[PDB]
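For reference, the structure discussed in these notes is given below.
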Amino acid sequence: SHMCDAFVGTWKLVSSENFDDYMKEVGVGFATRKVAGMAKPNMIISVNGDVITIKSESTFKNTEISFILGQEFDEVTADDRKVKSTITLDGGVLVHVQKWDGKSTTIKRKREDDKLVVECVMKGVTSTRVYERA
Ligand SMILES: O=C(O)CCCc1nc(-c2ccc(Cl)cc2)no1
């Protein structure tokens, strides 16, 4: 057993708050916000050795990242930002920092009860997205 066992699995979005405002703050344009905000993604998390894979699949976009904790990687986000990302474990929370164009956003993923809670922060704007096991 290991590092991220309680994250691994298939998860489905069941609530969202403030995501349109988070997307605005990150710079997402109107049409992408409207379509992306309608999506109900499934989040699939797996681990193989030291490599963690997080997939997001929805009607809007399918994305996938694979990474080693603490080791920077390049990521193209669902809104087509070219970012440099680092994901660490901090006290049982996966902390994902994305840097681009002198900007930064942080996405935290945590297990709370039977849920996986995602908090996305850009400057003073936070969005909370709650996932349940599929
Ligand atoms: O998994 C979640 O639900 C949220 C965490 C992953 C994440 N997705 C986005 C995002 C940004 C822009 C656009 Cl268009 C669509 C998606 N930002 O953070």
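Whatever order the structure lists them in is the order used to number ligands and atoms, beginning at 1. The analysis underlying the following values was restricted to heavy atoms, covering all of them including side chains, and did not include hydrogens, waters or symmetry mates. The first residue of the sequence shown is numbered 1, and numbering continues consecutively from there.
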Looking at ligand 1, is there an atom of it that comes within less than 4.0 Å of some heavy atom belonging to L13? no
Could you identify the single nearest non-hydrogen protein atom to atom 18 (O) of ligand 1 and state the distance to 0.1 Å? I107 CD1, 3.6 Å
Between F30 and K34, is there a cation-pi geometry (under 6.0 Å to ring centre, at most 45° from the normal)? yes
What protein heavy atom lies closest to atom 9 (C) of ligand 1? Include the residue and the distance to one decimal. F19 CZ, 4.0 Å
Please report the C-alpha distance between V76 and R81 in whole Å, then the side-chain angles of each, then the deciding distance to 0.1 Å, and finally whether the side chain to side chain contact (heavy atoms under 4.5 Å, CB included) criterion is met. CA-CA 6 Å; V76 179; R81 287 175 286 125; over 6 Å; no
What one should report as the nearest heavy-atom pair of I44 and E57 is CD1-CD, 3.8 Å
Kindly confirm or rule out an N or O of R109 lying under 3.5 angstrom from an N or O of ligand 1. no
Given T77, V130, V118, identify the one with the heavy atom nearest to atom 5 (C) of ligand 1. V118
Pairing of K123 and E25 as salt bridge, 4.0 angstrom limit: yes
Among all protein heavy atoms, pick the one closest to atom 11 (C) of ligand 1 and tell me residue, atom and distance. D79 OD1, 3.7 Å
Ring pair (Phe, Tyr, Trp, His ring centres under 6.0 Å) involving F19 - partner list, sequence neighbours excluded: none
For atom 2 (C) of ligand 1, what is the closest protein heavy atom, and at what distance to 0.1 Å? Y131 OH, 3.3 Å
Among all protein heavy atoms in this structure, tell me which lies nearest to atom 15 (C) of ligand 1, with the distance rounded to 0.1 Å. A78 CB, 3.8 Å
Consider side chain to side chain contact (heavy atoms under 4.5 Å, CB included). Of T53, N48, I54, which one does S66 pass it with? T53
For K99 and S104, the nearest pair of non-hydrogen atoms, with its separation, is NZ-OG, 2.8 Å
Assess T32 for proximity to ligand 1: is some non-hydrogen atom of it under 4.0 Å away? yes
Which of parallel (below 30°), tilted (30 to 60°) and perpendicular (above 60°) describes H96 and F73? tilted
Close-contact set for ligand 1 against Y22 heavy atoms, below 4.0 Å: 17 (N)
Within the 4.0 Å heavy-atom cut-off, what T105 brings close to ligand 1 is neither
